[PDB]
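Student: The structure under discussion is supplied below as structure tokens; questions concerning it will follow.
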Number of protein chains: 2
Amino acid sequence: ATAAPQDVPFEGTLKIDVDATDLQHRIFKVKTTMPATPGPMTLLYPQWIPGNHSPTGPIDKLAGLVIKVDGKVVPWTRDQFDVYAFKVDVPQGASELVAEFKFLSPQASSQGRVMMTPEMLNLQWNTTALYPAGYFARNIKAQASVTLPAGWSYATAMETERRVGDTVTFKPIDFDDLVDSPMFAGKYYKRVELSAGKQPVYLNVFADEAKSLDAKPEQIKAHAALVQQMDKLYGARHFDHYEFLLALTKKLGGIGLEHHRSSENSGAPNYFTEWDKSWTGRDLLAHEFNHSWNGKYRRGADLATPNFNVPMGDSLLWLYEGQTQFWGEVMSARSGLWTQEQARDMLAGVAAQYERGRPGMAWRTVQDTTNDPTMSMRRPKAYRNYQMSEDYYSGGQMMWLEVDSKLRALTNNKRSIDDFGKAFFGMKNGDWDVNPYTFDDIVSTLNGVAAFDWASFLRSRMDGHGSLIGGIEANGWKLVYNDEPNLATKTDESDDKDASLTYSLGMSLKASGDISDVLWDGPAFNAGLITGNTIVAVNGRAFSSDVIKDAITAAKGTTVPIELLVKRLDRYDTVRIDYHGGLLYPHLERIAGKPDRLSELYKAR
Amino acid sequence: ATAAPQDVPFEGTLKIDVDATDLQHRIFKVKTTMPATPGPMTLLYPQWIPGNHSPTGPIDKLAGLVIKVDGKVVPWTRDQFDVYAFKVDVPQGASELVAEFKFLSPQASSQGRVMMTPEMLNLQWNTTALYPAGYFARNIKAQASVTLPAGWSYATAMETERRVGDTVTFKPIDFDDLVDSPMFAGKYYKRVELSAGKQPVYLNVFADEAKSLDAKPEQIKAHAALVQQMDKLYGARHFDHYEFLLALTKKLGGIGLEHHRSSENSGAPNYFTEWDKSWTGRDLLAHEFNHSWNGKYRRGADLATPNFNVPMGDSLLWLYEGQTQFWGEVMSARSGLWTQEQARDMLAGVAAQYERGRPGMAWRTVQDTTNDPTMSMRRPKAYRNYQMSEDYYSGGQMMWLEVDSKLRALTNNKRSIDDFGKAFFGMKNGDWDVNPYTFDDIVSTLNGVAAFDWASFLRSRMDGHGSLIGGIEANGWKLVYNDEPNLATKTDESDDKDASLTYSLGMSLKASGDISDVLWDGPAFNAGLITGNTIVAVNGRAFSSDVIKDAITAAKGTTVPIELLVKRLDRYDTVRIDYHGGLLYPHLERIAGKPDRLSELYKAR
Ligand SMILES: CC(C)C[C@H](NC(=O)[C@@H](O)[C@H](N)Cc1ccccc1)C(=O)O
Ligand SMILES: CC(C)C[C@H](NC(=O)[C@@H](O)[C@H](N)Cc1ccccc1)C(=O)O
Ligand SMILES: [Zn+2]
Ligand SMILES: [Zn+2]
């Protein structure tokens with residue numbers, strides 16, 4: 001076992017030098033230099049990574065580790081009860097320890113998200129760092145450098161000291177901020193100012209091909225409007241400057257990861273060039289940006305750990321991620337990243353997910369899903385709808401919508417969730433240290449906006465099994481289903497011609513006919529169907545998405561079952577599904593006579 | 001978080017009832033009943049599973065959990081710092097707790113190994129169990145039952161009380177032995193006696209199709225000879241009876257998992273029907289059977305944990321798995337499961353793997369690979385040859401071969417590793433409780449066979465970076481390479497037309513030309529190639545395994561480089577490989593002047 005980290009000074013500087021030039025093998029070469037204290041010394045590879053809420057440190061990708069003290073090799077021994085901890089014996093009279101190793105980043109998605117391509121790379125300093133055990137991470141002064149592919153541009157919130165040729169030397173920085181200061185680099189780069197002033201915000205775009213960088217003025221303006229709308233909500237910025245990192249790519253592994261003064265984001269090459277086709281993911285930058293307030297600056301006390309190698313407590317992720325999921329979609333509408341119609345159909349899809357798409361809510365609480373990061377590490381699960389899957393995101397969002405609606409009702413619409421945002425995250429402009437909070441702090445700040453038993457309200461939703469969608473009705477709308485496609489579903493289905501049929505047949509299909517998801521206790525489930533089975537034919541006709549949708553519509557209101565020819569492994573059988581509700585996709589409709597608070601919430605300030 | 005398990009009596013019986021009939025959804029339905037006193041109670045889902053040496057308990061597949069005390073639901077709360085631990089409050093006057101849940105076994109291999117098919121199933125009791133925290137697992141008396149698909153046969157070492165219809169009630173058993181008593185069930189079943197007597201051994205075969213069960217007399221005899229050869233080695237059996245469980249299948253997930261009185265094994269449907277083609281995997285039953293002595297009965301003290309929810313120490317896996325890997329191959333030859341020529345070429349491949357196929361030994365020791373189970377959980381890695389990958393298996397095997405050769409050299413061939421086997425595992429016939437050992441015990445028993453500094457010998461090999469293949473030459477043979485295919489490689493290549501070129505071009509390829517492996521610092525590596533790249537053409541000719549092999553031979557002894565057309569993502573380039581050694585496959589050849597101890601080692605006793 002590794003001794004607990006202590007809030008004591010670390011003498012000297014942890015030097016971290018990274019060679020990021022072996023794009024072909026996708027290898028980051030690392031040298032870490034630090035003072036050596038005589039006696040046993042334990043070095044740690046970061047395990048629990050802020051923003052991942054789970055022990056995602058890729059320990060088995062650390063290879064070629066050789067440790068030398070004052071130029072002599074010393075053998076290392078891994079702690080079999082802490083496989084992220086390497087112990088060496090430092091001789092008496094020693095001065096300096098050097099550890100050299102390689103981070104073997106994924107050569108295919110099966111190994112994790114790809115971090116190197118022929119045109120760009122993603123350096124996450126936790127993957128290229130060893131640091132001494134026994135210290136709070138913030139007490140370790142670090143100084144990093146990286147050697148880039150020839151002539152590549154780079155971007156990071158971390159301040160550059162100098163670039164000599166292709167070796168970038170950064171100014172000293174605390175080790176926790178180093179891990180929190182990722183770098184993108186690439187040959188096709190555009191830097192766009194989103195906000196000038198004393199706390200400026202920039203957008204750093206890297207692409208597989210330069211043509212993807214052609215952001216149009218109104219599209220840049222929508223990102224600039226995001227910054228303005230966050231200013232209206234919070235009244236403060238928790239950074240001295242902010243660097244959006246955005247990779248437009250089909251080669252780099254997808255990412256959305258927040259930091260204090262930056263975020264790592266990926267989109268498709270058509271993020272800008274096909275604005276109307278790429279909209280469903282455009283809440284990404286709003287989401288990760290919001291975390292600078294909600295998650296990085298303010299963090300649950302059980303989540304704000306002293307180093308990267310003690311476990312994180314995720315109990316409050318329904319605020320961290322849940323309210324950020326909420327604000328990401330709201331701010332997308334307020335900024336023009338989304339249209340109001342797009343944002344409303346997205347919210348309808350969230351509401352339907354918890355009204356009808358989450359039968360696991362009968363036995364599992366949203367609170368318990370804050371354990372999903374460590375339980376599952378986002379590995380494949382058979383029934384996201386019944387096992388549940390990180391619903392502290394979207395279920396949390398629905399609770400925060402209801403919180404907004406209740407604040408309005410208590411105050412005759414003079415207060416809203418905007419007032420909680422300013423009160424809870426708006427203090428101490430410019431500070432980007434960690435300001436921890438507890439559950440009781442959430443309650444007290446809500447009670448300060450409008451007096452109410454908020455503790456019971458939050459517990460009843462997060463520890464309950466009942467409806468989470470009450471914020472829809474209270475804010476003047478109603479969740480409905482009809483045969484009109486949901487804007488998000490339609491965009492997500494089309495071009496590949498897939499078929500999302502969650503609320504009719506209780507399954508989703510690829511264009512090939514392969515079932516990609518099955519709703520627990522739904523019609524497909526009750527025919528014994530599982531993901532991976534194939535719908536070969538519908539009423540005798542070779543499967544297509546149009547064919548099965550037409551058959552569903554033809555069965556609406558009749559008593560003639562839909563006949564599905566199914567391939568299960570190497571067997572074929574025909575099932576008859578007595579489903580006659582037609583195609584059903586969620587939308588929101590106004591409740592006439594009630595105030596439309598929802599549109600006010602989603603309106604630009 | 002969770003209180004430590006104590007060696008104190010457990011009052012009552014843990015009843016575990018499993019319904020294994022939902023083959024379509026692949027769901028095991030579970031009811032666990034246990035004594036309960038009022039107040040706080042913590043229930044555990046097994047986490048660290050004996051024989052996996054890592055926390056493989058599938059916690060995220062436990063769904064639908066409802067806990068009732070005296071018929072009334074009690075809410076449960078998971079420990080966010082121990083996600084395998086469930087906490088409830090037991091009301092006053094209660095005597096009994098009932099927990100019901102479902103184990104959602106993998107619906108595809110991406111979720112883990114498949115455990116249900118239309119013809120067979122594999123029940124592992126740890127996946128269908130909750131048990132009270134605070135107790136040594138061996139102190140908990142359990143009693144299990146299972147409801148099978150209609151008419152299915154079953155086999156397990158656990159003794160049956162009665163079968164009523166399709167519900168099997170088992171006799172009470174200690175909870176640790178329950179977890180150690182898996183069950184196979186299926187519609188195509190054959191039971192074969194391998195040894196009669198007071199400690200009988202049976203082979204239980206389940207198949208996708210009945211024709212695969214047609215074991216011929218000489219093939220059954222080889223399995224009977226395996227039991228006889230183990231008797232000669234150890235002189236004792238650590239079980240009152242033993243049940244081989246063997247699944248001949250393309251649908252059940254592959255498995256080799258040892259137990260005290262049974263093992264879980266899978267083979268191809270042609271395990272018997274194409275005996276000469278399916279030979280490379282036939283050390284499986286010899287391997288897992290050997291674990292009844294080495295691993296189950298004798299186990300490292302740091303591995304022999306008190307329950308399933310504290311971490312296991314794997315430091316001695318180079319004995320547990322390493323010597324079992326050794327005996328699995330030796331016993332295949334001694335029993336006739338393998339021919340002597342097959343076993344020799346298999347050993348040649350192991351020797352070559354550490355002579356030339358493990359460049360990672362320059363920085364990592366075999367000892368450190370005992371941490372790979374927890375580090376990697378057998379997830380994909382880019383360079384098994386450089387990161388290393390559980391080399392305590394085959395590297396351990398090579399060390400034990402050298403131990404054998406050294407015992408012979410010290411004793412003028414009067415003692416061998418067979419004497420260590422009998423001395424270390426041959427005590428206490430009939431005993432199948434765990435008999436722990438430490439490193440010092442290994443040393444003392446070796447020293448008792450022949451006096452020598454065995455501690456330094458073992459450490460020099462397991463903590464070193466040098467050669468592990470010294471036992472080959474010491475026992476009278478020499479590792480050589482030539483263009484004659486290795487029998488194991490040829491069989492593993494055949495039918496699919498793959499190309500293993502580790503010792504020539506430093507890579508392996510599928511018939512498609514996709515690179516499946518790259519040797520660190522080898523020729524393919526030095527051309528920048530990675531797994532997933534595709535060799536499109538060789539000297540301009542469309543790739544095939546024969547085409548690239550012919551080109552390698554054509555380049556032998558010349559100065560004309562091999563031209564490879566390569567697809568890297570969406571780009572094509574041609575590389576010139578200056579490799580002129582020809583095809584090189586490992587074999588063993590006699591050193592004519594030296595005594596042939598290797599053949600003695602592999603000879604039937
Ligand atoms: C591309 C998007 C879907 C990315 C999105 N990212 C986020 O929500 C971030 O704010 C999360 N902090 C990223 C995260 C959370 C838990 C475990 C691993 C990674 C996510 O769901 O991971
Ligand atoms: C089919 C064969 C390859 C199976 C073989 N099984 C064994 O060696 C058993 O003795 C191991 N005890 C199985 C094992 C070890 C570590 C982690 C998971 C599972 C294995 O390598 O897993
Ligand atoms: Zn987030
Ligand atoms: Zn084994």
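So you can find residues: chains in the structure tokens are A, B, ... in the order shown, residues in each start at 1, and ligands are numbered from 1 in order.
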Which residues of chain A come within 8 Å of chain B, and for each one, what is the closest pair of atoms and their distance in Å to one decimal, counting only C-alpha atoms, sorted by chain and residue number, as CSV?

Tutor:
```
residue,atom,partner,partner_atom,distance
A:24,CA,B:528,CA,5.4
A:25,CA,B:530,CA,6.3
A:59,CA,B:375,CA,6.6
A:60,CA,B:375,CA,5.8
A:61,CA,B:387,CA,7.5
A:62,CA,B:387,CA,7.9
A:63,CA,B:387,CA,5.6
A:64,CA,B:363,CA,5.6
A:65,CA,B:363,CA,6.4
A:66,CA,B:363,CA,6.6
A:77,CA,B:368,CA,7.5
A:78,CA,B:368,CA,6.9
A:80,CA,B:371,CA,6.2
A:81,CA,B:313,CA,6.9
A:83,CA,B:375,CA,6.5
A:104,CA,B:382,CA,7.5
A:106,CA,B:382,CA,7.3
A:107,CA,B:382,CA,6.6
A:108,CA,B:532,CA,7.3
A:110,CA,B:380,CA,6.8
A:111,CA,B:380,CA,5.8
A:311,CA,B:81,CA,7.1
A:312,CA,B:81,CA,7.9
A:313,CA,B:80,CA,6.3
A:314,CA,B:80,CA,7.2
A:315,CA,B:80,CA,7.3
A:360,CA,B:64,CA,7.3
A:363,CA,B:64,CA,5.7
A:364,CA,B:64,CA,7.5
A:368,CA,B:78,CA,6.9
A:371,CA,B:80,CA,6.2
A:372,CA,B:60,CA,7.8
A:374,CA,B:83,CA,7.7
A:375,CA,B:60,CA,5.7
A:376,CA,B:60,CA,5.9
A:379,CA,B:111,CA,7.5
A:380,CA,B:111,CA,5.7
A:381,CA,B:111,CA,6.5
A:382,CA,B:107,CA,6.6
A:386,CA,B:63,CA,7.5
A:387,CA,B:63,CA,5.6
A:528,CA,B:24,CA,5.3
A:529,CA,B:24,CA,7.1
A:530,CA,B:25,CA,6.4
A:531,CA,B:107,CA,7.3
A:532,CA,B:108,CA,7.4
```

Student: For segment 500-503 of chain B, please output as a count of residues only all residues within 7 Å (counting only C-alpha atoms; exclusion window: fewer than 3 positions along the same chain).

Tutor: 7

Student: If you count only C-alpha atoms and all ligand atoms, which residues end up within 10 Å of ligand 3, as a PDB file with N, CA and C atoms, in the first residue's frame?

Tutor:
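Ended up saving to selection_11.pdb:
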```pdb
ATOM      1  N   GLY A  51     -12.195  14.654 -14.045  1.00  0.00           N
ATOM      2  CA  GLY A  51     -13.059  14.669 -15.201  1.00  0.00           C
ATOM      3  C   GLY A  51     -13.451  13.300 -15.718  1.00  0.00           C
ATOM      4  N   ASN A  52     -12.726  12.246 -15.330  1.00  0.00           N
ATOM      5  CA  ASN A  52     -13.118  10.882 -15.657  1.00  0.00           C
ATOM      6  C   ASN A  52     -13.829  10.171 -14.511  1.00  0.00           C
ATOM      7  N   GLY A 256     -14.544  14.560 -25.100  1.00  0.00           N
ATOM      8  CA  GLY A 256     -15.072  15.751 -24.470  1.00  0.00           C
ATOM      9  C   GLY A 256     -14.566  15.711 -23.044  1.00  0.00           C
ATOM     10  N   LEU A 257     -13.575  16.538 -22.714  1.00  0.00           N
ATOM     11  CA  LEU A 257     -12.968  16.501 -21.388  1.00  0.00           C
ATOM     12  C   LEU A 257     -12.708  17.924 -20.924  1.00  0.00           C
ATOM     13  N   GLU A 258     -13.262  18.271 -19.770  1.00  0.00           N
ATOM     14  CA  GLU A 258     -13.198  19.620 -19.238  1.00  0.00           C
ATOM     15  C   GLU A 258     -11.904  19.864 -18.464  1.00  0.00           C
ATOM     16  N   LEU A 284     -21.391  20.156 -27.242  1.00  0.00           N
ATOM     17  CA  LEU A 284     -20.160  19.679 -26.618  1.00  0.00           C
ATOM     18  C   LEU A 284     -19.376  20.818 -25.974  1.00  0.00           C
ATOM     19  N   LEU A 285     -19.063  21.862 -26.748  1.00  0.00           N
ATOM     20  CA  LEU A 285     -18.247  22.948 -26.210  1.00  0.00           C
ATOM     21  C   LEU A 285     -18.976  23.704 -25.109  1.00  0.00           C
ATOM     22  N   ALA A 286     -20.296  23.859 -25.230  1.00  0.00           N
ATOM     23  CA  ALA A 286     -21.059  24.489 -24.154  1.00  0.00           C
ATOM     24  C   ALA A 286     -20.990  23.660 -22.881  1.00  0.00           C
ATOM     25  N   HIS A 287     -21.124  22.342 -23.021  1.00  0.00           N
ATOM     26  CA  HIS A 287     -21.047  21.428 -21.888  1.00  0.00           C
ATOM     27  C   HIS A 287     -19.698  21.539 -21.183  1.00  0.00           C
ATOM     28  N   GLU A 288     -18.608  21.286 -21.914  1.00  0.00           N
ATOM     29  CA  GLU A 288     -17.289  21.264 -21.288  1.00  0.00           C
ATOM     30  C   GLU A 288     -16.894  22.639 -20.758  1.00  0.00           C
ATOM     31  N   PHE A 289     -17.271  23.706 -21.468  1.00  0.00           N
ATOM     32  CA  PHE A 289     -17.017  25.060 -20.976  1.00  0.00           C
ATOM     33  C   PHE A 289     -17.712  25.297 -19.638  1.00  0.00           C
ATOM     34  N   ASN A 290     -18.970  24.860 -19.518  1.00  0.00           N
ATOM     35  CA  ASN A 290     -19.699  25.061 -18.268  1.00  0.00           C
ATOM     36  C   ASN A 290     -18.978  24.419 -17.092  1.00  0.00           C
ATOM     37  N   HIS A 291     -18.255  23.321 -17.337  1.00  0.00           N
ATOM     38  CA  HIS A 291     -17.533  22.636 -16.271  1.00  0.00           C
ATOM     39  C   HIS A 291     -16.447  23.497 -15.646  1.00  0.00           C
ATOM     40  N   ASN A 294     -18.712  24.599 -13.114  1.00  0.00           N
ATOM     41  CA  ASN A 294     -19.370  23.497 -12.411  1.00  0.00           C
ATOM     42  C   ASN A 294     -18.560  22.224 -12.631  1.00  0.00           C
ATOM     43  N   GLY A 295     -17.618  21.967 -11.730  1.00  0.00           N
ATOM     44  CA  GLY A 295     -16.836  20.750 -11.825  1.00  0.00           C
ATOM     45  C   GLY A 295     -15.361  20.975 -11.573  1.00  0.00           C
ATOM     46  N   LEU A 317     -22.118  13.730  -8.598  1.00  0.00           N
ATOM     47  CA  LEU A 317     -22.014  13.938 -10.044  1.00  0.00           C
ATOM     48  C   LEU A 317     -23.334  14.372 -10.667  1.00  0.00           C
ATOM     49  N   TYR A 320     -22.330  18.030 -10.735  1.00  0.00           N
ATOM     50  CA  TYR A 320     -21.176  18.149 -11.625  1.00  0.00           C
ATOM     51  C   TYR A 320     -21.549  17.917 -13.088  1.00  0.00           C
ATOM     52  N   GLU A 321     -22.030  16.716 -13.405  1.00  0.00           N
ATOM     53  CA  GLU A 321     -22.402  16.396 -14.777  1.00  0.00           C
ATOM     54  C   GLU A 321     -23.872  16.682 -15.066  1.00  0.00           C
ATOM     55  N   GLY A 322     -24.760  16.416 -14.107  1.00  0.00           N
ATOM     56  CA  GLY A 322     -26.184  16.576 -14.367  1.00  0.00           C
ATOM     57  C   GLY A 322     -26.572  18.001 -14.721  1.00  0.00           C
ATOM     58  N   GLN A 323     -26.145  18.968 -13.907  1.00  0.00           N
ATOM     59  CA  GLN A 323     -26.511  20.344 -14.218  1.00  0.00           C
ATOM     60  C   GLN A 323     -25.715  20.877 -15.398  1.00  0.00           C
ATOM     61  N   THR A 324     -24.523  20.326 -15.643  1.00  0.00           N
ATOM     62  CA  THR A 324     -23.769  20.708 -16.835  1.00  0.00           C
ATOM     63  C   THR A 324     -24.426  20.172 -18.100  1.00  0.00           C
ATOM     64  N   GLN A 325     -24.947  18.943 -18.056  1.00  0.00           N
ATOM     65  CA  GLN A 325     -25.739  18.452 -19.179  1.00  0.00           C
ATOM     66  C   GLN A 325     -26.910  19.385 -19.451  1.00  0.00           C
ATOM     67  N   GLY A 328     -25.481  22.759 -20.875  1.00  0.00           N
ATOM     68  CA  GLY A 328     -24.971  22.570 -22.224  1.00  0.00           C
ATOM     69  C   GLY A 328     -26.056  22.694 -23.277  1.00  0.00           C
ATOM     70  N   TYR A 393     -26.276  12.134 -15.497  1.00  0.00           N
ATOM     71  CA  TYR A 393     -26.264  13.108 -16.588  1.00  0.00           C
ATOM     72  C   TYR A 393     -27.671  13.580 -16.936  1.00  0.00           C
TER      73      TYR A 393
END
```

Student: Find the residue from A:332, A:340, A:429, A:416 that sits nearest to residue 239 of chain A; use only C-alpha atoms when measuring.

Tutor: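 Smallest distance to residue 239 of chain A is found for A:429.
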
Student: Would you please work out which residue, of B:354, B:481, B:432, B:48, is nearest to ligand 2 when using only C-alpha atoms and all ligand atoms?

Tutor: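 Closest to ligand 2, using only C-alpha atoms and all ligand atoms: B:48.
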
Student: Fewer than 3 positions away in the same chain doesn't count, so skip those; otherwise give me all residues within 9 Å of segment 458-462 of chain B, counting only C-alpha atoms, as a list in words.

Tutor: residues 318, 365, 366, 367, 368, 392, 395, 396, 399, 403, 443, 453, 454, 455, 465, 466, 467 and 468 of chain B

Student: Those residues with N, CA and C atoms, as a PDB file, in the first residue's frame please?

Tutor:
```pdb
ATOM      1  N   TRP B 318       4.361 -17.336 -10.880  1.00  0.00           N
ATOM      2  CA  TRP B 318       5.304 -18.101 -11.687  1.00  0.00           C
ATOM      3  C   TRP B 318       5.466 -19.532 -11.188  1.00  0.00           C
ATOM      4  N   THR B 365      10.846  -7.470 -15.781  1.00  0.00           N
ATOM      5  CA  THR B 365      11.125  -8.816 -15.312  1.00  0.00           C
ATOM      6  C   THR B 365       9.883  -9.689 -15.419  1.00  0.00           C
ATOM      7  N   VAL B 366      10.109 -11.001 -15.469  1.00  0.00           N
ATOM      8  CA  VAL B 366       8.982 -11.924 -15.428  1.00  0.00           C
ATOM      9  C   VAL B 366       8.204 -11.753 -14.130  1.00  0.00           C
ATOM     10  N   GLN B 367       8.907 -11.500 -13.018  1.00  0.00           N
ATOM     11  CA  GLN B 367       8.219 -11.294 -11.742  1.00  0.00           C
ATOM     12  C   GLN B 367       7.192 -10.173 -11.836  1.00  0.00           C
ATOM     13  N   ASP B 368       7.550  -9.064 -12.482  1.00  0.00           N
ATOM     14  CA  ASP B 368       6.603  -7.962 -12.563  1.00  0.00           C
ATOM     15  C   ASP B 368       5.365  -8.322 -13.378  1.00  0.00           C
ATOM     16  N   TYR B 392       4.845 -14.911 -16.565  1.00  0.00           N
ATOM     17  CA  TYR B 392       4.966 -15.891 -15.493  1.00  0.00           C
ATOM     18  C   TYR B 392       4.431 -17.253 -15.912  1.00  0.00           C
ATOM     19  N   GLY B 395       7.411 -17.939 -19.549  1.00  0.00           N
ATOM     20  CA  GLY B 395       8.712 -17.676 -18.956  1.00  0.00           C
ATOM     21  C   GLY B 395       8.922 -18.481 -17.688  1.00  0.00           C
ATOM     22  N   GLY B 396       7.880 -18.592 -16.866  1.00  0.00           N
ATOM     23  CA  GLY B 396       7.955 -19.481 -15.718  1.00  0.00           C
ATOM     24  C   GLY B 396       8.212 -20.920 -16.126  1.00  0.00           C
ATOM     25  N   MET B 399      11.814 -21.393 -16.820  1.00  0.00           N
ATOM     26  CA  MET B 399      12.578 -21.489 -15.580  1.00  0.00           C
ATOM     27  C   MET B 399      12.438 -22.869 -14.953  1.00  0.00           C
ATOM     28  N   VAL B 403      15.112 -25.489 -13.819  1.00  0.00           N
ATOM     29  CA  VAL B 403      15.159 -26.102 -12.490  1.00  0.00           C
ATOM     30  C   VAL B 403      15.313 -27.611 -12.618  1.00  0.00           C
ATOM     31  N   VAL B 443      11.844 -22.649  -1.873  1.00  0.00           N
ATOM     32  CA  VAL B 443      13.290 -22.809  -1.745  1.00  0.00           C
ATOM     33  C   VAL B 443      13.634 -24.013  -0.875  1.00  0.00           C
ATOM     34  N   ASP B 453      21.757 -23.144  -3.756  1.00  0.00           N
ATOM     35  CA  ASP B 453      21.224 -21.821  -3.422  1.00  0.00           C
ATOM     36  C   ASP B 453      20.045 -21.534  -4.354  1.00  0.00           C
ATOM     37  N   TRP B 454      18.910 -22.164  -4.048  1.00  0.00           N
ATOM     38  CA  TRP B 454      17.739 -22.025  -4.910  1.00  0.00           C
ATOM     39  C   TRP B 454      17.128 -20.632  -4.831  1.00  0.00           C
ATOM     40  N   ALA B 455      17.237 -19.958  -3.683  1.00  0.00           N
ATOM     41  CA  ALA B 455      16.696 -18.604  -3.589  1.00  0.00           C
ATOM     42  C   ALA B 455      17.352 -17.686  -4.615  1.00  0.00           C
ATOM     43  N   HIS B 465      16.936  -9.873 -16.253  1.00  0.00           N
ATOM     44  CA  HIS B 465      16.647  -9.503 -17.626  1.00  0.00           C
ATOM     45  C   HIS B 465      17.346 -10.427 -18.605  1.00  0.00           C
ATOM     46  N   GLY B 466      18.010 -11.472 -18.110  1.00  0.00           N
ATOM     47  CA  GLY B 466      18.797 -12.360 -18.937  1.00  0.00           C
ATOM     48  C   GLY B 466      18.027 -13.578 -19.414  1.00  0.00           C
ATOM     49  N   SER B 467      18.782 -14.523 -19.970  1.00  0.00           N
ATOM     50  CA  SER B 467      18.195 -15.668 -20.653  1.00  0.00           C
ATOM     51  C   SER B 467      17.434 -16.574 -19.693  1.00  0.00           C
ATOM     52  N   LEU B 468      16.302 -17.091 -20.168  1.00  0.00           N
ATOM     53  CA  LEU B 468      15.506 -18.064 -19.438  1.00  0.00           C
ATOM     54  C   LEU B 468      15.578 -19.464 -20.038  1.00  0.00           C
TER      55      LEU B 468
END
```

Student: For residue 39 of chain B, please output as a list in words all residues within 9 Å (counting only C-alpha atoms; exclusion window: fewer than 4 positions along the same chain).

Tutor: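 Using only C-alpha atoms, the neighbours found are residues 88, 89, 90, 91 and 92 of chain B.
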
Student: Apply DSSP to the structure's backbone, then extract all residues of segment 367-545 of chain A labelled helix (DSSP H, G or I) and return them as number ranges by chain.

Tutor: A: 367-376, 384-387, 394-410, 417-425, 439-449, 454-462, 470-474, 487-493, 523-526, 545

Student: Env of residue 405 of chain A: 6 Å cut, atoms = only C-alpha atoms, seq-sep filter 4 positions within chain, self excluded. Answer as a PyMOL selection string.

Tutor: chain A and resi 471+474-475

Student: How would the residues just picked look written out with N, CA, C and O atoms as a PDB file, in the first residue's frame?

Tutor:
```pdb
ATOM      1  N   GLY A 471     -40.575  18.791 -14.409  1.00  0.00           N
ATOM      2  CA  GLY A 471     -40.195  20.127 -14.838  1.00  0.00           C
ATOM      3  C   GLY A 471     -40.756  20.516 -16.192  1.00  0.00           C
ATOM      4  O   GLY A 471     -40.866  21.711 -16.488  1.00  0.00           O
ATOM      5  N   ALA A 474     -44.476  21.664 -15.362  1.00  0.00           N
ATOM      6  CA  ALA A 474     -44.483  22.865 -14.533  1.00  0.00           C
ATOM      7  C   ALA A 474     -44.054  24.095 -15.318  1.00  0.00           C
ATOM      8  O   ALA A 474     -44.502  25.208 -15.021  1.00  0.00           O
ATOM      9  N   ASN A 475     -43.197  23.922 -16.321  1.00  0.00           N
ATOM     10  CA  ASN A 475     -42.735  25.037 -17.133  1.00  0.00           C
ATOM     11  C   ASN A 475     -43.548  25.219 -18.409  1.00  0.00           C
ATOM     12  O   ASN A 475     -43.098  25.920 -19.324  1.00  0.00           O
TER      13      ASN A 475
END
```
